[PDB]
Structures are given as structure tokens and as C-alpha cells.
Amino acid sequence: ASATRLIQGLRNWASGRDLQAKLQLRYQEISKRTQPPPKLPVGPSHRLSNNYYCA
Amino acid sequence: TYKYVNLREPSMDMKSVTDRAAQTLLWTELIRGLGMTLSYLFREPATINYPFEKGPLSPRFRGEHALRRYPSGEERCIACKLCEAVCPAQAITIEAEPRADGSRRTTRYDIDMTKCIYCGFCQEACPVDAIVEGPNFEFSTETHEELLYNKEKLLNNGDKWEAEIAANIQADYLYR
Amino acid sequence: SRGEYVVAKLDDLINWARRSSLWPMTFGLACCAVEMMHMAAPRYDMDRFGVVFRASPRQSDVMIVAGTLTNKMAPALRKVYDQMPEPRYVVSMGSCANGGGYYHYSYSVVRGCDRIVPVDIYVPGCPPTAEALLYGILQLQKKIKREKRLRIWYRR
Amino acid sequence: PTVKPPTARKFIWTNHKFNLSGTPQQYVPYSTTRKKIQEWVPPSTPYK
Amino acid sequence: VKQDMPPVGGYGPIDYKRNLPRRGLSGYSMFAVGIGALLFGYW
Amino acid sequence: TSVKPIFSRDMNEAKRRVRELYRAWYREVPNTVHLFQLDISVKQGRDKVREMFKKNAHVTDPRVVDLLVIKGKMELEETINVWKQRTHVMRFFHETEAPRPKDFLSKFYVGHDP
Amino acid sequence: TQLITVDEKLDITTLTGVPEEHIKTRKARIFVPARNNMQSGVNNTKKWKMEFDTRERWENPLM
Amino acid sequence: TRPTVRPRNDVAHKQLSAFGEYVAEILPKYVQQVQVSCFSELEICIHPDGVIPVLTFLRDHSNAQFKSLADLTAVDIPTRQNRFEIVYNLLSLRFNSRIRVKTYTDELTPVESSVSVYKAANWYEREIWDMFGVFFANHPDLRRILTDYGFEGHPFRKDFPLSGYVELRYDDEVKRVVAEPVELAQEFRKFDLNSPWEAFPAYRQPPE
Amino acid sequence: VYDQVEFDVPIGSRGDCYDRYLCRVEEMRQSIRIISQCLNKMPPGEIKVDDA
Amino acid sequence: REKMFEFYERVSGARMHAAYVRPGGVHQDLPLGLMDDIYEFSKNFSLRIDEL
Amino acid sequence: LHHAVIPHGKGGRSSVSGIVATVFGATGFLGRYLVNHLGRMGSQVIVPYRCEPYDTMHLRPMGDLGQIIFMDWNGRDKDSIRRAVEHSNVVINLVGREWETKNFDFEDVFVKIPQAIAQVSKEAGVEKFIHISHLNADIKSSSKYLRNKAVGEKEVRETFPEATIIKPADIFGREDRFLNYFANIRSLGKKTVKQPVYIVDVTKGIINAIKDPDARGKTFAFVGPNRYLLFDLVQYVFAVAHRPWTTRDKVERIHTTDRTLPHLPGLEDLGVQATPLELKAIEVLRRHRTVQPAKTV
Amino acid sequence: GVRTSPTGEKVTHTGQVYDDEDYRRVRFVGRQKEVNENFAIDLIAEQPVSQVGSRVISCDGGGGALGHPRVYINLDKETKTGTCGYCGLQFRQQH
Ligand SMILES: NC(=O)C1=CN([C@@H]2O[C@H](COP(=O)(O)OP(=O)(O)OC[C@H]3O[C@@H](n4cnc5c(N)ncnc54)[C@H](OP(=O)(O)O)[C@@H]3O)[C@@H](O)[C@H]2O)C=CC1
Ligand code: SF4
Ligand code: SF4
Ligand code: SF4
Ligand SMILES: [Zn+2]
């Protein structure tokens, strides 16, 4: 994304496609490496009543 | 539900015939391939500068093994032999005896780093988070015998990498 | 004296030449060969260190054993190792080449490639990452740098 | 670690050491267990 | 509960079809260009 | 007690097959020695062939010796074509193996193995 | 008749590929395993097991 | 039993039972047993002499059309006097179905080769001969396919140990790779993990 | 859940290597299609079976 | 391919041999922010297939 | 006898043989064969090396894990010798050079170094010391090599009365300098008589001298089963090889006849059958290719 | 609390040290024997005992899910403190 406009134009002409729309090099658009802590849900068997294992 | 790759009949009118013959005689698609490889020349390469730049990793990464301690100096392993029972490669050897104050502690804890497949079953079978797979991966040795860790080597690895292993465990323990 | 200085400088020159043009051959046996291919990818770029991609066995310097060495494959490995010109080096990649790994107790797996060829660098992992094999290659370069062949020749 | 420093513990190394392979400080494996079978030391006095 | 989930409106478009630009002149145009270059050179 | 035969109905045709396999091995031993650049003579190879046939010579079941002839034929075909290397041919001769003691006293001296 | 008569004892030792000193010097033991006295379950005493005598185990000089 | 139990298919079970009756009634000369499992899989256990007719019928019948041979396997069960169980897995693309044909043989009895029906059987039963020592009569080219060139013994049998009888190492005196009797630095540790309590009462065997 | 996603199946016509290569390229495209559909239809809930 | 290996490592901790899909489901849940990266990668993969 | 030195196993690669051997000059040819024979039994081998470790790379795969210990040593430094031999129970001496150089002449190689090694191994309490001499060693010999070897043998015997002194005649093998010398010279024939001995027989004799408790203080002479003249030996070597570095000291040693010592015990007293040259000449000289046997006196 | 030997070899926390006449000390010649200088038995001895006013106490090692499984310790005996079986921490009743 640091390329000049002339190099971008030559690159797009020789490739035939708009390469700047879909760049293969990742930038600040991806998610952060530090995330807030999660809270995962529990399954259907996490019940206090009517939870007999033989059923 | 399905599609017909390569079932396009060629047109037989003079326009299509002259287009195909001009493509044959003047080498159009060869110029297309040349030009696109030229366009790929003028892009910034994806090469990082190792060892000054490192590839991205995750807190779940499985590298070198380590033995942890409680936040009082006492080691966490209580010689329950679950890690050597679950080890798919039989890389762990454990021998235990009661020590001087009667605690249940190991006297021998060997991990063969040439047998281990780095699968992480031991760190998830541990009930006390004693054995871990640390984030270190650059530990190549010049000798085979340097890859046969005893208890002292693993304890030293834990003391060396605690400040990172504890942070990775703090980041990941809510997904377990 | 003068002679020790001359042989020290010549040793530095030949070690710099040898360590900065390591041409590898790769035994594409198993998973670890796919990880070797991933170290030859644009991200890690083995070529930028002077380490070419897939050199011939008759002109390579370092031989990389990436995968499992079975009983049916070991004499071929020894035959390929014997034809390499000196100075030749061997790098063992992954647990299968280090000590057998997952298939250590198998009936048809050689328990380590060091039972067939001499091995200089052991790269641990299953598979060791491309970062780890790059580290092993650079450690091999460090090992080549501190060689003392001409000093040993002068002292003898 | 200038923003979020790690937790300070007394057993954590204060001096980080790099890969010591091929050095005199390299790791040498050994058995950490003691002897299993105890031998019979013969008496130092003659039977006379 | 907090979980890794898609958004309410989903994600954006993602292409999966072949895309070839079909650029350049026709057969007649390129043949005319070559013949004109030949005539200029011969002249 | 009736069983399905493999190739031989009784012992005579089985003995003929053993004879033919021995003739083929005896013929091929010089070519095997020459092509593989072995360090043995032709006589040592023929003695090894005869030793294997004599070791395997206490069997009276026609189907068992039919399977033995079949496996010997596979080994002979494996050697006629260059599929074995020099190590596979020389694995019949245990040169690097230490001589195992046989009498009681030496086995008593070296270990607990009976 | 596609069915021949073999009146000899069944012996397949020449085909198994086992070395002879692991045949003539080994003692097989055929037994029903004892119930473990630490447990009251009897599911492990249903099948016959055949095993072999224990040979020498020594200590590795390295580890 | 909704969330954590696998749902049961009954239409497929009925269809497979009907087709098992159909096959066992068309071929009574070789078919010995027909069963349909809990998860709707049809197994037809036949006599070893009728391997070619049963497979040719299942390949060529208008109501079978089992044109694909997926897998061919032998299983070693030492307590049976016919210890080897040879298993054919067939797939029918016309009816979108799968079938299993099982037969038995011991060490010394050969089995008729099914190369003349399915062409994958060539390499499949070459591997079966290599691993279990089961001879296949009327084979085009029967040799070893996976083991070492000088290997003695069949490794997938259950009396063959996990680690073999020989191991390879390079000897400098003879300048060659040599085979020696096997010695392990660490013995493979055997684990007795079987629980002494019965798990599934539905599979309980009657007492003697 | 492969019956809840929509995709096409590439079918060759000549049995050569070129048709198989085209089939693999089209399978890449259909895999991208299924990936987008799986992203848009991810449900909440637990990840292991609750039979402990 | 290296990007997809990064996805594998983020979800399991190993680049190639994840040992992630286990009988009963999967071993660990997806971390937060993974599917956005999957969406971006799949958004550009069409142009990657087009260039190949 | 310590508990860790009692032998165990079946004599394989992973076994324990109870032999802790320090092999000086193990980077050569006889030392290479001896380390190969020692490592396959499962013996602890200490290799003190002088050269680059790249040359000891070939010795590395000759034993199990932890069974070969490489360490640096100096010829004129007794501290390295004491560092090497203080934990072993047998010390083998194979230090030699066919030529003298600027830093080490024949008196340094054959007299001073064996004397220092034997004295240190005596002071370290080593039970067995084996020193490899030459057969034609004589105090009045015309060659400096044999005179210095005889002097060094006498010094080793006088400083270590329990030392075993071995006199090989002439050793031929894959990496030797005897048959490879004659094949590569493309030096003449005279009335010289020789009985060369195979390298494997010499190695087996050394191993059996280590094992046998009655070989302490003896002096063995290892010779081959056949005595050849020099001229027909050279002709036989040239005929086998399909062929129709040197010094004047090597010229003198070639033209020196192999002496006969019936009083000294040989290979037959250690239980070793000597291999004749006709069985191994093709193996040695197949590399030189691009036969009637020699006459035995 | 490391300890040395008359040989000069360090003694590990498990009590292992090679004998003086043992030949296996040759592996450390020119190299070093790695031991851990932090002895856990000496380190857990410095922790003060915690005094509580209940008949029983519960221990999870601190950190909740990041510790050991939660156990319950009885404090009926007055002659001795109650040591946790996992973490080694000891407790004493106030009365
Ligand atoms: N035909 C024969 O070979 C016979 C040999 N012998 C004796 O057997 C012994 C071994 O013979 P061989 O293998 O052929 O000879 P080599 O030259 O091949 O080996 C001699 C060894 O001694 C080492 N060495 C030589 N000089 C010195 C020195 N000044 N300081 C330290 N190490 C040194 C060499 O080490 P490096 O290469 O690292 O420098 C080498 O490993 C010798 O003592 C020789 O006299 C006796 C009779 C016959
Ligand atoms: S990561 Fe897996 S193979 Fe390695 S020690 Fe742990 S359980 Fe064993
Ligand atoms: S699972 Fe944990 S507590 Fe149990 S023996 Fe292994 S490391 Fe120790
Ligand atoms: S070490 Fe692991 S990744 Fe490498 S070849 Fe072996 S099984 Fe595959
Ligand atoms: Zn606690």
C-alpha cells in the first residue's frame, strides 16, 4: 500500500485487475492480538432437575 | 448441483476463427502471462527479516515443555502419572516416592523430545497445570543427548519461561 | 607470529565462503518436507540467506532429512549420503529423523537417522515450524563459522 | 512489558540465557533416581 | 454469554467465480497493426 | 481331515517343486555374485543355498512345503530382477553379528538366558 | 477331487518367520488371569490368556 | 434422547433387511449369515468357495449394481480355527448403497482371487498376502508390496510383536547397512487399561 | 451439516489431466462458497458432546 | 497456504497436525476475532484463484 | 566391581559390556576399527581427539546414546591425559605417524607421548594398558621409525609392568597405507619377506587381549598366515588392481624383512583365526579397478 | 539449598549424586551437571501458617480455576497444623 501511484497504475495495467482492492498483504484491518475474555455457554445437560443419565 | 467444466464448443464463424488464428500467430496469451508476472514483480514481497522479525503466533502455541510452580515456590506436579498415561508416543517416564516432609512428589520426570509429537495431551491431562508446553521453539541442539530432558532441565525451563507461560495461560484458560 | 595470523585470516575467508553459500538437498519423505517447502515460501525465503531451493545431490553441501526413515529407505539414504562431496553436513528435521518419534516402537522404522549417517544439527518438533528449521540452518552456519581447519593444519 | 509488566516471582530467572548448545554450559542428561538394590558389604575382619 | 459469532447482518460479499478481463484488440486489428508495421519498415 | 490343496496333491509333486527351485537357485548364484559385486565366492553362495534348503527340510505337509516353494520363488524373482540391494543379499550372511555361545558353561558365564 | 488328505500334525513354524531360539527356548503360559484383589469386579476373568516368561531387563547407562 | 444421542434410521434398516433376505434367498449355496447392524450396515457372511459367484452377482445384477470395490481387508482373530476373516466393502452408485461381504480362511488354505471381478483387488490382496500371509490362488502377480525386500514374517498377525525381530544400523567395518537382533533402549511399556466392570449389558455373553 | 449448504460439483468430459485440473480449480471456488455460507450460519452453543 | 496455517495455529496451537477434530466435537472453541480474518482471507482468495 | 560396570544384556548395541576404554589416536585407521568393534558391544568409549571434530563425525554413529565421549587433548599436556583416563579401566595407545613434521618428530610421537600416557594411567589406577608397537622394531635398525618404536616399547614396559605390548606385522584394509601404497605407486622388488595381517584380525586380537585376564604383562606378535616375497606381492597387487605421499623412511621400512619370533605368542593364542590376503585383496583393491594367487615361501 | 560432595559434584533435590568410583562422572568432564537451585521443600518451608477461625478450611491453591482441585482440611488436632495435600500450605485453627 506504500507503492506510488505510477507503480500502482503500471501494476494494474500489466495485471489487468484492480490489485489495490484486494491486497494479499495484511494491514491493520485484521482483528487485534489481544481480545476481551470470553464466556462460553453450557450444554443442554447442565440442568439441576430432570437430568437423569439413564434417559 | 453440478456444472460442466470444459464443455464449451468453439464458434466456427470467421470472426472467432480469425481471433483464434491471430492468437496462434502473434502469441497473445503468452504476452498475457508475461505481463502478469511483470505485474507481480512490482509488488512488495512478503518476506520478513528473520531473526529480527518473527512470524505471528498464538497463546495456544505448543513448543518446548516446562514444569511450573505454585506462587510460593512449591512445584505443582504431584506425581499422578496422567501425562505419561495419556502420552500417545510414550515419551514421559515418571518415578515417584514420598519426600522428607511426606509430600507426594516425583523423583524422576523424563521427557524424550525425540519421541514426543508435540500434541499437547499432557498439558490438558494435568489436573494442576504442572506440565505445560511453552511458547519457545528455537531450541535446536547439536547433539542427540541434549534432547533427553530430565526433571532438572524441565524445572529450569519453567523458571526461565514462567513470565510468558503464566501470561499465555491467563489469556487462554477461559477457553478450556 | 605471521603464519598464525595468515592461517587465521584464510580460515575466516573459507568459513565465510562455505557458510554463506549452503546448497541444500532435501529428502522429501514425510510431513516435515511439507514444512521445508513452507520455509522455502516467500515469507521465510531460504534463498535470501544464500541457501538455494532444491539443489542437486551431486553438488549440495547440507543434506536435510525431513521425515521418517523406514527400513526400506535406509540403504538409499546411505547411498545418497556417500556420493556427496566434502564438506558435507546433515541436518535432522523433526522427531521421526531425530529419534523415531511417533513410530519409535514400530517394526519397520529406523530409530533415528543418526544410526545411518552422522548428524550435526537436530531440529526438534513435529513438525518443527519453518521458523525452527530456519533457526537450525542459521545455527549450522554458526557452527561452520567457528571451524578451525587451517589452524589445526598449521599446528600439526 | 513497558505497559503491562509480568508478575514478579522469586524463582523466576533474573538473567536470561540463550541457546547453550555446543558450549561447555550445555545440558548433559543423567538419571535423577538413587540406587535401587543395596549390596552386602563384607566384614573387614578375618573369620579366625 | 460471549462467543465467537457472525454479526447480525452477516458478512459482506465474497467472490467465487472466474474473472478473466478479455483485454486487447481483435484479430483483424492486430493483423492490420502487424501489416502496417511491415509496410513502414519496407518503405 | 480332507483339506484343499494349494499346488501339490501329495508329497511327490512337492518334492519336484523343491527340486526345481533348488536348480534355479543353483543356476542363479554365480550371476548374483557377479552382478552385486559381492565379497563371497560362488561356493559360499551355493553352500548358503544348500544350508537354507537343509534347515527347511523337516516338513512333511504338502501345503506347508508348497508355501515354502512359493516364498522361495518370490525371493528368487526378487533377486533375478535388481530389486534387492547389496545389503539384502548380504543379510543372509551374519558377518557383523557376534558368535552366540552354545554350551552350558559360556551361557552361564554371560547371562541368565537359557 | 479338489480335497486332499493330510494326516500329519499341523505345524506352521517354518512360515511364521520367528527365529528358532524364540521358539525352542520359550515357555508359553495358558491361564485365566486372577481377579485383582483391590477391586470386586470379575469382568477381567472371563477369557483365557497366553503369555510368555519374563526375560532380562537392565538399566540404560544414559537415562 | 434428542441432543446427545445419534438419531436412528429405520427406513434404511428395513430396506437393508429386505435386500439381505433377497440376496440370501437368491444364493443359498454360499450364504451362511446375513445381519444388519444398529447403524444400518448390511453384512453377508458367506462360504469361502463362493467368493467369485457372490461378488459377480453383486457386481452384475440389475437390482444390485455394486460396481465399486472400496476396501479389501483381512482381520486376525487367533481364537478361531479359521483365524483370518477377509472383508470386502462394496459401493453401489446406482442405488447409493454399501454392502459388506465376509469370508474366512486359515494360514494354509488359499482363497480365490477376485481380480477377475474388481481390478483394485490386485493391490489390495497383494497387501493382504504381505501383511497376513493369506495366499490368493490365480493371482496375476503376487509378491510383497509394503514390507522390506528381505522381510521374514507377516507383521499384521497378532502373534507378531509390535517391534519386530531385527533392526537396521550402519556398520563401518563392512561399509554397509546391516540387520541385527532387536534391542530397545527403553522397552515399550504395556498398560492394563481394561476395567473390571461390565460396560454394556446388551453384549453380555452367556456363561458356559 | 453438508446438506444445509449449497454448492456445485464440477464434472469433466474427457477424462484427461486438463479436465481434472479444471475440476480442482472449480472445487477451490466451491470451497470458498461453502466457507462463506459457513461463516454466515455459525450457531451458538457448546463444542463437545455433553455425554461426559 | 501460510495464512491458512496461521488459522490452524490460532484455533489449535499447531500449524499442521492440529489434533483438533475429536470424537464428540472439537477440543477447543474458536477464539474471538478468528472469523473476521477468515472472512478477509476468503474475500481475497477469489483473486488469488483468478491469477493462478 | 561397581554396580554400574557389571555387564548386562545380550552383547548388542544397547547392552552394557563393562569396558570403559580410552582410545588415544582413535581418529586414525586402527582406532576407527577398534572404536567400531567396541561400540557394537555397548562399551563406554572415550575418544580424545586432536583435530577438527568434523573428522570425528565418522566416529560419532559407532555407538549408542552417551556411549562415545569426545574430548580435546594435547600431546605435551599431562592435564588433558589425566582428564581423559581418570574414569576408565582400559587405556589403548595407538598414536603414530609415518613421517616426522616440524612440531612432532619420531621421538615425540613414539617415545614421549606413550611414556606420558602410561605414567598418567598408572597414576590414575587404570587396570589395563595396551600399547601398539611394531613387529620389526629394533634398536639397531636402519630406520628412525623402528628404533624409536623399540625405545618407546621398552620405556612403556619399564613404566607399566602390567602393560600389554602388541606387535602387528603389516595391516591391510580398506583405508590402509600398505596395499593402497603399492597400487598407487604404479616401490620395487627384492629378497624381502613379509607376512601382512588383516585389520579385523588385529582388532579381534586387541578386543580379546582386553577381555582375557591372563594377557597382562605379555607381548604378542600379530602376523598373517602366509609369508610372501616382496616382488610377487607387488605383482599380485598389480594384477588384482588390473594395472599392468612417500618418504625415504617408508622406503627403508618396505625393504626390511619381517622377522620371525616363535617365542612370542600370536593371534592363535587369543582365539583369532588369521585371514589370508587372498580373501580380502579383491575387497581392498576393487576401488582401483577401472587372478592367480601369490607364491608363499 | 544446594549441597556439594567430597567429589565436588552438586547434589540434586532428589538426593542423587554420582559415586566417587562411578565411571559415569565422565559425561560431565568438560561440561556441567545441570541442577535446579530452587529447592521446593526449602521454599514451602518459608510460608507462614494461616490461622483461621473455623473447624474446617477449603484450599484451591489460589486463582480458582488456575489452581489445584478444591480440597477440605480438618483442623481438629491441636498438636499439628493441617497441610494441604496438593499445594503444601498449612493451616491452624485460631482456638
Ligand atoms: N600398518 C600399520 O598401520 C601399522 C601401525 N602400527 C601402529 O598402530 C598405530 C595406529 O596406526 P594407524 O592407524 O595406521 O595410523 P594413523 O596415522 O592412521 O593414526 C594415528 C593416530 O595418532 C594420532 N596422532 C598422530 N600424531 C599425533 C600427535 N603428535 N599428537 C596427537 N595425536 C597424534 C592421529 O590423530 P589425527 O589424525 O587427528 O591427527 C591418528 O588418530 C600407530 O601407533 C602405528 O605405529 C603398527 C604396526 C602396523
Ligand atoms: S505433547 Fe503429546 S507426545 Fe509430547 S509429551 Fe505431551 S502427551 Fe506426549
Ligand atoms: S499430569 Fe501433571 S500432576 Fe500428574 S504426573 Fe503429570 S505433570 Fe505431574
Ligand atoms: S516428525 Fe511429525 S511432522 Fe515430521 S514426519 Fe514425523 S510425524 Fe510428520
Ligand atoms: Zn492447596
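Here the Cβ is made from the backbone with ideal geometry for all residues, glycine too, and neighbour counts use every protein chain on show. Throughout, read-outs are computed from the coordinates displayed, never taken from laboratory work.
Quick look at the values:
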{"item": "Pick from region C:119-133, criterion farther than 22 Å from B:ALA89 by Cα and out of contact with any strand residue (DSSP E or B) (no Cβ under 8 Å at 6 or more places or on another chain), ranking: nearest to the other protein chains (Cβ to nearest Cβ)", "result": "C:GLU131"}
{"item": "Output for region B:75-106, where each listed residue is away from ligand 4 (no atom under 16 Å from the Cβ) and buried (at least 21 other Cβ atoms within 10 Å of the Cβ)", "result": "B:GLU75, B:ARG76, B:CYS77, B:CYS83, B:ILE92, B:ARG105, B:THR106"}
{"item": "Given (1) in a strand (DSSP E or B); (2) away from ligand 2 (no atom under 11 Å from the Cβ), number of the condition B:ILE111 does not satisfy", "result": "(2)"}
{"item": "Hey, C:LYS142 under 30 Å from B:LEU57 (Cα atoms), more than 9 Å from chain B (Cβ to nearest Cβ) and in a helix (DSSP H, G or I) or not", "result": "yes"}
{"item": "Region B:120-161: number of residues that are of a type in the set (D, E, K, R) and within 19 Å of the chain's Cα centre (by Cα)", "result": "3"}
{"item": "Filter result for K:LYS167 (more than 15 Å from ligand 1 (Cβ to nearest atom), away from chain H (no Cβ under 14 Å) and either polar (S, T, N, Q) or not in a helix (DSSP H, G or I) (or both))", "result": "no"}
{"item": "Qualifying residue in region C:49-60 (condition: within 13 Å of the chain's Cα centre (by Cα), buried (at least 22 other Cβ atoms within 10 Å of the Cβ) and either within 16 Å of ligand 2 (Cβ to nearest atom) or among the β-branched types (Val, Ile, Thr) (or both))", "result": "yes"}
{"item": "Residues of region J:1-45 satisfying the condition of being in contact with a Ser or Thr (Cβ under 6 Å, 6 or more places away or on another chain), within 11 Å of chain A (Cβ to nearest Cβ) and over 18 Å from I:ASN40 (Cα atoms)", "result": "J:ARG10"}
{"item": "Test result for H:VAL178, out of contact with any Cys (no Cβ under 7 Å at 6 or more places or on another chain) and either assigned to a helix (DSSP H, G or I) or under 30 Å from K:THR56 (Cα atoms) (or both)", "result": "yes"}
{"item": "Residues within region E:26-43 that are assigned to a loop (DSSP other than H, G, I, E, B) and at the interface with another protein chain (Cβ under 9 Å from one of its Cβ atoms), tallied", "result": "1"}
{"item": "Out of B:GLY35, B:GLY73, sole residue that is closer than 30 Å to L:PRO48 by Cβ and within 7 Å of another protein chain (Cβ to nearest Cβ)", "result": "B:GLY73"}
{"item": "Residue in region B:83-102 that is farthest from ligand 5 (Cβ to nearest atom), counting only those that are closer than 18 Å to B:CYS126 by Cα and within 13 Å of chain L (Cβ to nearest Cβ)", "result": "B:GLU95"}
{"item": "Candidate set: chain E, residues that are surrounded by 13 or more Cβ atoms within 10 Å (Cβ to Cβ) and among the hydroxyl-bearing types (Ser, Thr, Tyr); chosen: the one farthest from the chain's Cα centre (by Cα)", "result": "E:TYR11"}
{"item": "Helices (runs of 4 or more DSSP H) contained entirely in region C:1-82, each with at least 3 residues that are within 14 Å of chain B (Cβ to nearest Cβ) and out of contact with any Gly (no Cβ under 7 Å at 6 or more places or on another chain)", "result": "C:31-39"}
{"item": "Which numbered condition B:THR28 misses (of (1) closer than 26 Å to I:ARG20 by Cα; (2) in contact with a strand residue (DSSP E or B) (Cβ under 7 Å, 6 or more places away or on another chain); (3) of a type in the set (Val, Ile, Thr))", "result": "(2)"}
{"item": "Every residue from region H:148-174 that is under 24 Å from C:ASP114 (Cβ atoms), more than 9 Å from chain G (Cβ to nearest Cβ) and touching a helix residue (DSSP H, G or I) at 6+ places or on another chain (Cβ under 9 Å)", "result": "H:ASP148, H:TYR149, H:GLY150, H:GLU167, H:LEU168, H:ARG169, H:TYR170, H:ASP171, H:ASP172, H:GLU173, H:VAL174"}
{"item": "Given (1) in a loop (DSSP other than H, G, I, E, B); (2) surrounded by 19 or more Cβ atoms within 10 Å (Cβ to Cβ), number of the condition K:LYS191 does not satisfy", "result": "(2)"}
{"item": "Scope region A:5-55; condition exposed (fewer than 10 other Cβ atoms within 10 Å of the Cβ), of a type outside the set (D, E, K, R) and more than 9 Å from chain J (Cβ to nearest Cβ); matching residues", "result": "A:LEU6, A:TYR27, A:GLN28, A:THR34, A:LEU48, A:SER49, A:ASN50, A:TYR52, A:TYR53, A:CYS54, A:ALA55"}
{"item": "Subset tally (residues that are out of contact with any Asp or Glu (no Cβ under 8 Å at 6 or more places or on another chain), facing chain F (nearest Cβ under 7 Å) and surrounded by 10 or more Cβ atoms within 10 Å (Cβ to Cβ)) for region G:4-15", "result": "2"}
{"item": "Region C:88-114 - residue that is surrounded by fewer than 23 Cβ atoms within 10 Å (Cβ to Cβ) and in a loop (DSSP other than H, G, I, E, B) and, of those, nearest to ligand 1 (Cβ to nearest atom)", "result": "C:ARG88"}
{"item": "Condition check for C:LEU69: over 14 Å from the mean Cα position of the chain (by Cα) and either of a type in the set (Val, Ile, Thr) or within 30 Å of C:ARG155 (Cβ to Cβ) (or both)", "result": "no"}
{"item": "Region B:116-140 - residue that is within 15 Å of ligand 4 (Cβ to nearest atom) and farther than 15 Å from B:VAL86 by Cβ and, of those, surrounded by the fewest Cβ atoms within 10 Å (Cβ to Cβ)", "result": "B:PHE137"}
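Each row is one residue, and each column tells you yes or no for (1) touching a strand residue (DSSP E or B) at 6+ places or on another chain (Cβ under 8 Å); (2) assigned to a helix (DSSP H, G or I); (3) hydrophobic (A, V, I, L, M, F, W, C).
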{"residue": "K:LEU65", "(1), (2), (3)": "yes, no, yes"}
{"residue": "K:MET71", "(1), (2), (3)": "yes, no, yes"}
{"residue": "K:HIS87", "(1), (2), (3)": "yes, no, no"}
{"residue": "K:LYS102", "(1), (2), (3)": "no, no, no"}
{"residue": "K:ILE117", "(1), (2), (3)": "yes, yes, yes"}
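Conditions tested, residue by residue: (1) within 13 Å of another protein chain (Cβ to nearest Cβ); (2) more than 16 Å from ligand 4 (Cβ to nearest atom); (3) assigned to a loop (DSSP other than H, G, I, E, B); (4) surrounded by fewer than 17 Cβ atoms within 10 Å (Cβ to Cβ).
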| position | (1), (2), (3), (4) |
| --- | --- |
| L:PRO48 | yes, yes, yes, yes |
| L:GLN51 | no, yes, no, yes |
| L:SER54 | no, yes, yes, yes |
| L:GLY61 | yes, yes, yes, no |
| L:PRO69 | yes, yes, yes, yes |
| L:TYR72 | no, yes, no, yes |
| L:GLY85 | yes, yes, yes, yes |
| L:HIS95 | no, yes, yes, yes |
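Okay, residues lined up against (1) of a type in the set (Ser, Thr, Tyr); (2) surrounded by 15 or more Cβ atoms within 10 Å (Cβ to Cβ); (3) outside any strand (DSSP E or B); (4) out of contact with any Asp or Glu (no Cβ under 7 Å at 6 or more places or on another chain):
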position: L:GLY1; (1), (2), (3), (4): no, no, yes, no
position: L:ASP19; (1), (2), (3), (4): no, yes, yes, yes
position: L:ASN38; (1), (2), (3), (4): no, yes, yes, no
position: L:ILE41; (1), (2), (3), (4): no, yes, yes, no
position: L:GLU78; (1), (2), (3), (4): no, no, yes, yes
